[PDB]
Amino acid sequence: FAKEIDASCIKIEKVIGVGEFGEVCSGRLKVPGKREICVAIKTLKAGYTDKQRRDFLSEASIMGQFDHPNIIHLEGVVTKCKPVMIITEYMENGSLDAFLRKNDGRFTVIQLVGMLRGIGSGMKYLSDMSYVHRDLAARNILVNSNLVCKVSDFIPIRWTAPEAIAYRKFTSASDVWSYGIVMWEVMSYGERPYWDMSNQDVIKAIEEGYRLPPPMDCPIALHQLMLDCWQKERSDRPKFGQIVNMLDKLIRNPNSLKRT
């Protein structure tokens, strides 16, 4: 379950984002005898019904099940008071996509692989627990000042495995397809998968065996892993545990990254 936070322990600073669901703010959380931390705060949109509130505190419930360094950390919720809130750890560099696009070219290959290794590690934990994300993309990964990447966001054609589009068959294996797309996003500093191709173009390309090329200057071993993730038969794709082990190995033997 999710912890109740006394609203007096919370100080809101600024609105950092908006959406149909409401607003996300940044602020500070100070519990007595504990160090103050920065936090992000998600609030339910004005005039919400009881149904909507329940659907909101349901997302906190789910998040509350996860305790892993690469999954966004739930501080708690406010429910004694109005409006309801969900409080998470503050992630200084925000969303991964936006982040890479503002820093195009600035990191090393090894740093990028580190980010991908963290994301892979969070997805292994998620799928270990029989949870399917369904919406895995760089926009739904958050990034802290130490470049630690954490899975967030508890449909998008370009990111979705063929069997999930065709049969609405969503599993950890279609999450692995999506992870492959994330690797490509990362190594490209946030380029749009499939560029100006339309959704229909993408669907038919995939079906005919088209797969995205290496991003510019991307190691061959990394692109080969993307290709593994995009195997047509879902059973042919690597498991997240194998993805993480492969990335540890590339990291452990940095010469394997030389070939581009």
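A residue's number is simply how far along the shown sequence it sits, counting from 1.
The modelled chain breaks after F154 and resumes at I155, leaving 10 or more residues of the deposited sequence without coordinates. The deposited model assigns a higher average Cα B-factor to 95 to 103 than to the other stretch when 120 to 128 and 95 to 103 are compared. Higher mean CA B-factor, judged across 173 to 181 and 85 to 93 from the recorded values: 85 to 93. Each of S58, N70, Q231, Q224 has a CA temperature factor in the record; the biggest one is found at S58.
The residue among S145, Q111, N140, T79 whose C-alpha carries the highest B-factor in the deposited model is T79. Ranked by C-alpha B-factor against the other modelled residues of its chain, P219 falls in the middle third. Among the modelled residues of its chain, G47 has a C-alpha B-factor that falls in the lowest third according to the deposited record. Among the modelled residues of its chain, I243 has a C-alpha B-factor that falls in the lowest third according to the deposited record. Sort the modelled residues of the chain by CA B factor and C149 lands in the lowest third. For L74, the recorded CA B-factor ranks within the middle third of the chain. Only modelled residues enter the ranking.
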